[PDB]
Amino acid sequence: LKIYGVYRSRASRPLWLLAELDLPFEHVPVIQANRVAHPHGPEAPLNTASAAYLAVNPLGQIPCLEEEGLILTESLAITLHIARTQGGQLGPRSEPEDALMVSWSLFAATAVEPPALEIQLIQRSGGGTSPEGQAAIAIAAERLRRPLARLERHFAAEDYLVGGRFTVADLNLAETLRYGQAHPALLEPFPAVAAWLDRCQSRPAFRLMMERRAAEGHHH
């Protein structure tokens, strides 16, 4: 089992999951090409533009999973696969539970990640220091209103997405939401959602993943 991608990327999803498990694996750090001066260079560290990596993931993105006879792209698919084959109770007990996890993951990828990622970039870019950046964050937050309200309703009676227990479905949704976490007002209207995200991030494996992510070298 090999996982390609640095902690400071969507590879954080499968890395967090593996941290939840007592499973050895090979971590192949691959950096985003834009963070490397001469990515094509014969002496450049393995990155998303490296020919050697494109032979693994033709799309040139991280993360990517490679096992004996299987190459899998898409962070949320990678985690679901790992959870169902190596994750024990973090994986689905039945096909309907698996379907629910796939559904929550697609919900996370299509309804939550885009607007949340937008908030993250406005913030990191420094754009949030202008009235325009602030207005833009509010517009992105409005795109998240329906998804967040639906989640608030769900967490009114449940502590987790599926089966009354933390599963890869929570991990997957929590990671997409992490992008918009830096905006204080985002979860203010949604206490139950904030409590759930706090519940997921208080886990030892998350803290460990985040500490490893912090210790990772930065590249611009």
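A residue's number is simply how far along the shown sequence it sits, counting from 1.
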| property | result |
| --- | --- |
| Stretch with the greater mean C-alpha B-factor as recorded in the entry, comparing 160-168 against 176-184 | 176-184 |
| Stretch with the higher entry mean CA B-factor, where the candidates are 2-10 and 210-218 | 210-218 |
| CA B-factor placement of residue 81, once the chain's modelled residues are sorted into thirds | lowest |
| Modelled-residue ranking by C-alpha temperature factor, third containing residue 75 | lowest |
| Assigned third (lowest, middle, highest) for the C-alpha B factor of residue 125 | highest |
| Within-chain third of residue 15 by Cα B-factor, per the entry | lowest |
| Residue 30 - which third its CA temperature factor falls in, relative to the rest of the chain | highest |
